[PDB]
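Colleague: Protein sequence lines, in the order shown, are assigned to chains I, A, L, B, K, Q, C, J, M and H.
Using the authors' numbering, the letters of the first sequence correspond one by one to residues 391 to 404, 437 to 542, 544 to 636.
Using the authors' numbering, the letters of the second sequence correspond one by one to residues 389 to 404, 437 to 636.
Using the authors' numbering, the letters of the third sequence correspond one by one to residues 390 to 404, 437 to 636.
For the fourth sequence, the authors' numbering assigns the number 1 to the initial residue and increments by one for each residue that follows.
For the fifth sequence, the authors' numbering assigns the number 1 to the initial residue and increments by one for each residue that follows.
For the sixth sequence, the authors' numbering assigns the number 1 to the initial residue and increments by one for each residue that follows.
For the seventh sequence, the authors' numbering assigns the number 1 to the initial residue and increments by one for each residue that follows.
For the eighth sequence, the authors' numbering assigns the number 1 to the initial residue and increments by one for each residue that follows.
For the ninth sequence, the authors' numbering assigns the number 1 to the initial residue and increments by one for each residue that follows.
For the tenth sequence, the authors' numbering assigns the number 1 to the initial residue and increments by one for each residue that follows.
Have a look at this one.
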Amino acid sequence: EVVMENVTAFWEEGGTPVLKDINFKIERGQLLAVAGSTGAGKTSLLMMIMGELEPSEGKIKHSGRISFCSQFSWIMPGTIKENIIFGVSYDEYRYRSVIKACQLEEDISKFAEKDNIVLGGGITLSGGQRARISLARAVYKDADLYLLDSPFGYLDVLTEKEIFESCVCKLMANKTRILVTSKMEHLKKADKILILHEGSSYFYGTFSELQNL
Amino acid sequence: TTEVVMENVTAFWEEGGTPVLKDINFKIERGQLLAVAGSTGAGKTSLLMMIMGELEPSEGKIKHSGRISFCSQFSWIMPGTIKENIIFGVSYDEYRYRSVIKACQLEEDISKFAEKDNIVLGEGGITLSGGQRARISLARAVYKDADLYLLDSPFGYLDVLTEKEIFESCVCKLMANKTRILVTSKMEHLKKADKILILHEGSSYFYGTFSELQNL
Amino acid sequence: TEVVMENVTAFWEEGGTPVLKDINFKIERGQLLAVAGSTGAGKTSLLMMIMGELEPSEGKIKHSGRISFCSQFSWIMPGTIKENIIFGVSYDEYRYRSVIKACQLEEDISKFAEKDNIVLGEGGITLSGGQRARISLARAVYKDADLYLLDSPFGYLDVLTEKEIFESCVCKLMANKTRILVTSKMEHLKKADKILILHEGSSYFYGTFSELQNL
Amino acid sequence: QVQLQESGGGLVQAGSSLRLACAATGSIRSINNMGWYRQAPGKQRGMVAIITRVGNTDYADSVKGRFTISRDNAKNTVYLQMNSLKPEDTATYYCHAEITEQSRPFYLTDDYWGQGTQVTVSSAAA
Amino acid sequence: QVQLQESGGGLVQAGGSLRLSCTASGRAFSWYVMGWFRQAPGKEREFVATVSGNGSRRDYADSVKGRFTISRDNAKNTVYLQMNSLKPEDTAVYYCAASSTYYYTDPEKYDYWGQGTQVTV
Amino acid sequence: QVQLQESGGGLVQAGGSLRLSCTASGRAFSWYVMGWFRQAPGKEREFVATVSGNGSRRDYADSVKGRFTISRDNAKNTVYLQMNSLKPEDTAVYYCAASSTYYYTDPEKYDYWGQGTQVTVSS
Amino acid sequence: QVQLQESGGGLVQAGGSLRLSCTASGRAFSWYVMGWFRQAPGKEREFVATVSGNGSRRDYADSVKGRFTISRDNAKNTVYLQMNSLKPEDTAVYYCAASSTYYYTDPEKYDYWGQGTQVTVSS
Amino acid sequence: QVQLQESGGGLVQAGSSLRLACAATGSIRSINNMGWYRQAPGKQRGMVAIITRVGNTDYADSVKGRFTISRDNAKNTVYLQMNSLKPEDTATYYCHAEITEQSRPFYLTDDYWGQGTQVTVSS
Amino acid sequence: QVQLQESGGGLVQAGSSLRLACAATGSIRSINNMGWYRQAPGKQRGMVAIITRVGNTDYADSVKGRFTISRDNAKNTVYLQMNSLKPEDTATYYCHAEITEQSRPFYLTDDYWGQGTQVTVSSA
Amino acid sequence: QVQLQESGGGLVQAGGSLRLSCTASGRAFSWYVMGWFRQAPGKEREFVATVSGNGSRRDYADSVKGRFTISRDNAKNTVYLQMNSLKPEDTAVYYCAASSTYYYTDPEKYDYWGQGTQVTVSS
Ligand SMILES: Nc1ncnc2c1ncn2[C@@H]1O[C@H](COP(=O)(O)OP(=O)(O)OP(=O)(O)O)[C@@H](O)[C@H]1O
Ligand SMILES: Nc1ncnc2c1ncn2[C@@H]1O[C@H](COP(=O)(O)OP(=O)(O)OP(=O)(O)O)[C@@H](O)[C@H]1O
Ligand SMILES: Nc1ncnc2c1ncn2[C@@H]1O[C@H](COP(=O)(O)OP(=O)(O)OP(=O)(O)O)[C@@H](O)[C@H]1O
Ligand SMILES: OC[C@H]1O[C@](CO)(O[C@H]2O[C@H](CO)[C@@H](O)[C@H](O)[C@H]2O)[C@@H](O)[C@@H]1O
Ligand SMILES: OC[C@H]1O[C@](CO)(O[C@H]2O[C@H](CO)[C@@H](O)[C@H](O)[C@H]2O)[C@@H](O)[C@@H]1O
Ligand SMILES: [Mg+2]
Ligand SMILES: [Mg+2]
Ligand SMILES: [Mg+2]
Ligand SMILES: [Mg+2]
Ligand SMILES: [Mg+2]
């Protein structure tokens with residue numbers, strides 16, 4: 391599904439490479455965890471899969487159907503429903519299932535207008552509410568590959584636990600997912616793990632291999 | 389700040437029919453509170469309609485100094501914010517505004533909203549409770565600076581606890597020096613009235629003070 | 390004999438210090454009374470009394486009910502500029518456009534593509550302090566009243582705009598209407614018919630500009 | 001003589017239903033407004049639901065849609081149908097009525113209150 | 001959030017038919033999962049039939065399957081229950097309820113309830 | 001346009017009581033003057049009671065005066081008819097109707113109508 | 001709700017001058033009555049100065065009267081405290097608070113509070 | 001080896017202030033996210049306030065503006081400044097932290113919880 | 001008596017910064033509402049920025065966000081921090097102040113003006 | 001067109017820490033690239049750190065790298081600068097600036113500027 395071989399890239403010509443000799447193969451329906459220190463090149467790696475970053479050396483292979491969840495939540499003017507469905511056609515089952523999984527039902531049902539409350544000249548949501556709406560939008564989009572760049576960053580540990588278990592693991596169970604996370608709790612459930620440090624791959628393998636210190 | 393006088397006043401809604441009000445007499449001095457009590461259909465609203473000129477007397481005479489603010493039995497809300505609904509084309513004064521809200525038991529409700537008084541009313545924005553609607557309607561009427569205040573059953577859709585607070589702090593304290601005509605059938609309200617008019621089927625069954633009513 | 394005050398004293402809180442102590446003045450029809458004083462003197466409170474928001478404990482106040490009040494603090498309601506200016510009052514183009522001109526708003530309004538049909542929020546956060554103050558003053562002068570109470574309207578205005586507004590609006594447009602202006606500017610005081618100087622609720626001076634000049 | 005008597009209270013589980021009833025007895029000429037109020041421990045008494053003689057109803061935001069107020073003008077009784085009970089509804093429920101006594105020469109009302117009925121929503125129940 | 005009112009109840013001979021209606025007063029009717037529930041004298045409230053906000057999902061109690069039909073009109077803020085071939089077992093107070101939560105048939109998940117209508121067979 | 005649906009009809013013994021409801025589906029309910037009309041079999045539609053959009057004006061047929069009460073809930077888009085102390089004369093199909101024109105009791109002025117409910121008063 | 005953040009505190013020479021600022025984050029800033037409160041070491045939070053939402057009403061503690069000035073900028077969601085002719089008595093943590101209820105000076109009526117700023121005066 | 005210790009709880013009157021503190025002790029390489037959670041009787045455990053390493057804060061709607069979360073990265077401590085206390089805030093307050101132990105070869109975190117501090121607000 | 005003395009003007013390149021300062025000297029009891037104004041050749045004098053004693057500021061649309069007005073009440077000085085200069089800002093900058101002279105028996109103000117400061121912004 | 005106001009400046013001993021804040025008042029804060037700039041005595045305004053509108057891009061001057069951290073809160077319209085392990089070299093007036101153009105670290109590309117705050121690092 392997703393393959394990278396001896397991949398290196400630079401943001402600025404004649437600068438330091440943002441990613442240095444990156445190698446990995448993620449099979450269909452697998453969960454790859456991308457861990458690392460701040461500025462390691464994790465987002466930059468996802469930017470490369472999106473084509474926003476061109477490799478100077480190496481090769482990248484994948485199927486075009488990608489749904490990307492940013493580290494930074496973004497909300498368009500309009501209703502909650504308008505924000506989650508976006509371009510995509512509406513299916514009640516898919517919609518209400520995504521909301522449930524992304525811990526949004528309780529928040530939405532607190533409003534009298536429910537999903538029809540205007541967002542963005545309208546209500547202001549919390550960081551967590553915004554992050555949940557952004558993740559909901561990404562998981563609602565039907566793609567072959569899901570790039571989830573630190574979605575739980577502005578979420579409390581209780582909500583994050585519920586979302587990871589019921590959305591990332593249960594709802595998206597059969598889809599190829601790349602999750603940018605540095606949590607052991609998340610890493611235990613990963614098929615493969617990539618640890619980045621200053622553009623370099625410090626670890627690549629299974630959880631058992633990582634466990635064997 | 390007005391005198392309200394009625395002398396042998398009778399009126400009809402329909403030509404040649438039954439008179440809605442039969443031989444009405446009363447004199448309300450400046451800054452006084454007149455309580456208008458009666459059974460349903462007695463002609464209470466019709467009496468207020470007459471003061472407003474919407475009902476012309478067939479016989480008798482009515483005298484008053486204009487500048488009248490009227491509070492309907494039936495709450496009405498215009499599209500716009502809470503502030504827009506209360507101030508209603510009347511110049512804005514913070515002290516007067518925030519004092520009226522306090523008196524009309526609206527502060528707590530308004531502060532419950534994140535947008536406070538800037539919340540948009542009507543179908544477009546929000547649906548308030550009967551009590552919230554009634555409070556906003558009364559607030560609007562008491563915010564208007566008039567010489568005479570005609571309050572037709574404003575506490576109709578209010579709970580007894582809120583009604584007690586509003587009557588005491590708004591009708592009695594806030595509007596203390598303004599001439600007021602309050603359509604109410606509550607003894608609790610009647611005890612605080614300067615004069616009391618009791619109507620039954622268009623006729624005046626009682627007119628006098630609370631002590632005179634007590635002696636019956 | 391439009392506005393008359395006789396031995397007027399009032400308190401905001403019972404048993437407290439009187440906000441206004443033994444106030445006396447008579448403003449004839451179409452005259453300009455300037456109300457000067459230090460901060461906290463009781464100037465706004467005096468206007469509040471004329472409005473009926475403050476009841477005197479002692480003394481008597483006489484005037485015709487038609488009052489238009491301009492607050493020190495600008496307030497803009499949600500709606501268009503025209504909606505804010507004309508407000509409850511009916512629309513007359515001559516009166517509307519003359520008031521805009523006098524209140525230095527024409528240039529600002531014409532800068533917008535939608536002109537007076539530009540939608541403002543509550544508090545007019547889009548507009549500048551001066552633009553907000555001008556819209557508030559425009560609204561007050563557009564209301565047709567017998568008495569105009571202008572409480573420090575030029576507070577958030579530049580000296581050049583204030584000069585234009587004072588000369589063409591307060592003095593030219595409202596020339597035949599009785600008006601009370603809360604101002605501590607000599608430039609404004611010279612054009613006053615009578616001047617009331619308040620200090621800690623008390624009247625320190627009451628008379629003409631020539632009488633004030635001779636002190 | 002005017003007596004307001006509440007009934008229907010008790011200890012229930014969360015999610016349970018309950019019907020409170022309050023009847024006006026004695027020399028009652030007429031009653032116009034009736035209502036249900038509640039007072040939780042430490043907290044002040046507040047409205048739950050009110051009903052006009054003609055049947056127009058108002059509700060507290062917390063109870064709107066879950067609770068239903070009704071009246072039998074023939075029986076001089078007000079009812080509170082309490083559905084999907086929450087432990088937040090635990091309080092003493094009071095009944096109020098604006099009653100005109102048969103003795104009164106005119107159609108003038110007086111405020112009458114019930115003694116209360118305790119409603120407890122807890123797993124202590126059956 | 002929503003005020004519900006049922007109608008259509010009454011007395012009928014066995015093998016007969018009855019149609020119940022329930023109008024909702026409030027915002028976002030389409031968000032709610034509507035359901036019909038029955039409470040026989042001495043019994044608890046049992047689930048009868050449910051409709052998703054969309055109307056896409058309909059579920060029925062095994063006892064009523066093939067005889068009862070649940071329908072919705074979001075434009076009219078109404079939910080209906082067509083009860084055909086009635087048996088004396090169906091004698092109960094029929095309640096109409098709304099749930100703000102997706103896909104549950106347990107009356108414990110339904111927050112807003114109507115007054116109910118007695119059906120005798 | 002408004003769509004009206006009545007409920008509350010049925011069989012009752014004389015001296016009894018019945019409450020009819022009528023929900024309106026459509027925009028600007030408050031604009032309409034609501035009315036209750038009864039059609040006795042082999043008789044013309046007769047006016048029973050009317051209520052103004054506001055609820056400020058209520059009018060009743062002489063026959064029902066003092067026994068029937070018309071009420072409105074604009075928030076719930078419904079109009080009600082409380083029929084107390086029923087006589088066998090009141091047996092008819094009760095219709096709910098809306099008028100877009102102000103204050104007429106004639107059924108000719110009402111454009112929108114409901115299906116009707118049969119009310120039967122025995123003994 | 002409103003989130004408050006004060007700034008401008010520090011060390012000053014007696015008879016000095018210091019200006020405190022407080023920016024509020026949230027809706028309807030004009031609804032809130034803003035106030036400056038000081039907490040002396042060991043003592044309770046004492047009221048210093050208050051501003052109505054409009055800015056029309058300003059009240060000061062007797063101790064600070066004539067030396068301190070409270071101001072507001074609703075467009076900038078800021079409230080200021082100009083502290084002139086400072087004395088060693090004014091050494092305290094200055095808090096900025098918002099009240100959703102009209103016109104009180106008691107800190108008990110203020111629901112939203114800032115982190116505070118230390119302001120020290122030495123003779 | 002690594003432990004979270006809460007302090008500052010107790011019985012207070014309504015309107016009172018309170019400062020909860022929670023310090024991370026032991027072999028700490030780094031801490032990423034810190035937060036305050038609460039569990040009232042019968043209700044479930046929920047967030048009060050959370051804080052990122054860089055200082056970005058989020059709050060529960062019920063506490064936003066009244067409560068303030070802060071952190072001292074040097075002292076490995078998180079603080080909850082609880083102002084204008086209401087009897088609705090009575091609950092057990094728990095502290096959470098995403099900690100990287102000094103022993104870990106990579107910058108990977110583990111979830112740590114405190115034992116809880118009881119806060120009781122009387123009326 | 002009382003004088004207003006501007007300083008800080010000059011010829012700068014576009015994008016440059018500049019700080020104008022204007023101090024009130026003489027017998028001054030108090031100063032209210034100081035401000036900055038500008039007049040380009042041939043055109044009329046208009047506001048740039050104004051400041052109340054308490055510190056509330058208003059700006060011309062053209063300068064809002066780029067220019068910052070500030071005041072030191074102890075020093076009786078008003079300042080105009082002019083950032084990201086454009087050739088449109090070329091004008092004579094005047095300082096204004098509403099001053100109460102000590103001699104005055106009441107708290108009444110008089111309008112005082114500065115001599116002007118020439119600020120010229122070159123494209124090159 | 002945003003009005004910028006910095007706070008948090010002052011005196012500190014070397015090796016110390018200081019946190020600067022900058023609130024911007026105006027529309028579309030998220031459009032602007034925020035930046036911290038320092039003006040050393042005798043020197044021109046030099047770039048310190050920058051943040052893109054949403055906060056995805058952060059860049060620092062080589063001299064401050066690893067010691068200073070730039071952060072943003074679009075909900076609060078504020079930008080922060082955490083200055084750890086200060087050296088006497090960092091003594092300068094710290095300015096907060098907004099750029100309406102995407103991604104430049106040069107102060108010439110920044111149109112809106114704040115008043116500045118003096119930061120003094122002693123020994
Ligand atoms: N669009 C861009 N153009 C140029 N450089 C960029 C761009 N986006 C990021 N960078 C730089 O590339 C480097 C890698 O940063 P990156 O966004 O991958 O951090 P990260 O690994 O995602 O960690 P974190 O998200 O936790 O900060 C950083 O130095 C960053 O400034
Ligand atoms: N505008 C009107 N045109 C014609 N008849 C009217 C009008 N208003 C009221 N009526 C009639 O006059 C009587 C109503 O009197 P009115 O409504 O003033 O009594 P009331 O004391 O206000 O009753 P309630 O206590 O219900 O408000 C009724 O017969 C009614 O039909
Ligand atoms: N609405 C009010 N309610 C109670 N007290 C008030 C009210 N308005 C003002 N006061 C008090 O009475 C005094 C009157 O001050 P007032 O505002 O009238 O003076 P002023 O001349 O208008 O001052 P300024 O020049 O600041 O406007 C104030 O010190 C204040 O504490
Ligand atoms: O339907 C008749 C209508 O006319 C009355 C007459 O008193 O009142 C009107 O009074 C003035 C005319 O001076 C109108 O401008 C006003 O709108 C009417 O209210 C009254 O019966 C009725 O309202
Ligand atoms: O808070 C008291 C209140 O009373 C004053 C004094 O007259 O003005 C009120 O009086 C009018 C009636 O003429 C009310 O309608 C108005 O809302 C009140 O403001 C004033 O001090 C105060 O507002
Ligand atoms: Mg990144
Ligand atoms: Mg759209
Ligand atoms: Mg009436
Ligand atoms: Mg409007
Ligand atoms: Mg004043």
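Where is the CB? At the ideal position from N, CA and C, for every residue including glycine.
By the three-class DSSP mapping on this structure, what secondary structure does C/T101 have?
Modeller: As a first step, residue 101 of chain C is located in the seventh sequence; it is residue number 101 there, counting from the start. Coil at C/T101, not helix or strand.
Colleague: Please report the Cβ distance between C/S56 and A/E514, rounded to the nearest whole angstrom; I am assuming they are in contact, meaning their Cβ atoms lie under 8 Å.
Modeller: Here the question's residue 56 of chain C lines up with position 56 in the seventh sequence. Here the question's residue 514 of chain A lines up with position 94 in the second sequence. Between A/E514 and C/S56 the Cβ distance is about 5 Å, and since that is below 8 Å, they are a contact.
Colleague: Note down, in chain order, every chain M residue with its Cβ under 9 Å from the Cβ of L/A457.
Modeller: Along the third sequence, read from residue 1 onward, the residue named residue 457 of chain L stands at position 36. Within chain M, the residues near L/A457 are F106, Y107 and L108.
Colleague: Quick check on B/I31: does DSSP put it in helix, strand or coil?
Modeller: Residue mapping note: residue 31 of chain B aligns to position 31 of the fourth sequence, counting from 1. B/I31: strand per DSSP, three-state reduction.
Colleague: Residue range of the alpha helix (DSSP H) that A/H609 falls in?
Modeller: Counting from one through the second sequence, the residue named residue 609 of chain A turns up at place 189. Its alpha helix (DSSP H) spans residues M607 to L610.
Colleague: Against chain H, which members of the segment 64-82 of chain C pass a CB distance test of less than 9 Å?
Modeller: So the list reads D73, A75, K76, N77 and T78, given in the order they occur along the chain.
Colleague: Does the beta-carbon of C/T69, which I'm using as the reference point, lie nearer than 7 Å to any heavy atom of ligand 10?
Modeller: Mapped onto the seventh sequence, residue 69 of chain C falls at position 69. Outside the cutoff, so no.
Colleague: For the alpha helix (DSSP H) that A/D529 lies in, which residues bound it at each end?
Modeller: Taking the second sequence and counting its residues from 1, the one referred to as residue 529 of chain A is at position 109. Unbroken alpha helix (DSSP H) run through A/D529: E527 to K532.
Colleague: Compute every distance between the C-beta of A/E479 and the non-hydrogen atoms of ligand 4, then say whether any falls below 7 Å.
Modeller: Here residue 479 of chain A refers to the residue found at position 59 when the second sequence is read from its first residue. Not under cutoff, so the answer is no.
Colleague: Taking contact to mean 3 or more Cβ pairs, one atom from each stretch, closer than 8 Å, check whether the segment 24-34 of chain M and the segment 75-93 of chain M are in contact.
Modeller: Yes: the two stretches touch, three or more of their Cβ pairs being nearer than 8 Å.
Colleague: For I/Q552, return the contacting residues in chain H, with the cut-off set at a CB-CB distance below 7 Å.
Modeller: Mapped onto the first sequence, residue 552 of chain I falls at position 129. Result: empty, since nearest Cβ-Cβ is about 11 Å, beyond 7 Å.
Colleague: Between the segment 2-16 of chain C and chain H, which residues of the former have a C-beta closer than 8 Å to a C-beta of the latter?
Modeller: Residues passing the 8 Å Cβ filter: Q3, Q5, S7, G8 and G10.
Colleague: Where does B/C22 sit, in a helix, a strand or coil, going by DSSP?
Modeller: Numbered from its first residue, the fourth sequence carries residue 22 of chain B at position 22. Strand, per DSSP.
Colleague: Taking only the alpha-carbon atoms, compute the straight-line gap between J/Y59 and J/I50 and give it to the nearest angstrom.
Modeller: To locate residue 59 of chain J, count along the eighth sequence from 1; it is residue 59. To locate residue 50 of chain J, count along the eighth sequence from 1; it is residue 50. About 7 Å.
Colleague: What whole-angstrom Cβ distance do H/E46 and H/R38 have, given they're in contact under 8 Å?
Modeller: As a working note, residue 46 of chain H is residue 46 in the tenth sequence. As a working note, residue 38 of chain H is residue 38 in the tenth sequence. That belief holds up - the Cβ atoms of H/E46 and H/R38 are roughly 6 Å apart, short of 8 Å.
Colleague: Are there three or more Cβ pairs, one per stretch, closer than 8 Å when the segment 563-579 of chain L is compared with the segment 501-510 of chain L?
Modeller: As far as the Cβ criterion goes, the segment 563-579 of chain L touches the segment 501-510 of chain L, which means the pair count is three or higher.
Colleague: Using the beta-carbon of each residue, find all residues closer than 7 Å to any heavy atom of ligand 7 and list them in chain order.
Modeller: With the cut-off at 7 Å, the residues found are I/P499, I/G500 and I/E504.
Colleague: Report all residues for which the CB-ligand distance to some heavy atom of ligand 3 is below 5 Å; order them along the chain.
Modeller: My final list is A/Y515, L/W401, L/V440, L/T460, L/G461, L/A462, L/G463, L/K464, L/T465 and L/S466.
Colleague: By alpha-carbon positions, which one of A/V440, A/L467, A/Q552 and A/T398 ends up nearest to A/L617?
Modeller: Working through the second sequence from its first residue, we reach residue 617 of chain A at position 197. It is A/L467.
Colleague: Tell me which residues of the segment 565-588 of chain I have at least one Cβ-Cβ distance to chain J shorter than 7 Å, keeping chain order.
Modeller: Answer in chain order: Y577, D579, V580 and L581.
Colleague: Between the segment 595-605 of chain A and the segment 440-451 of chain A, are three or more C-beta pairs nearer than 8 Å?
Modeller: Judged by Cβ distances under 8 Å, the segment 595-605 of chain A makes contact with the segment 440-451 of chain A, as three or more pairs qualify.
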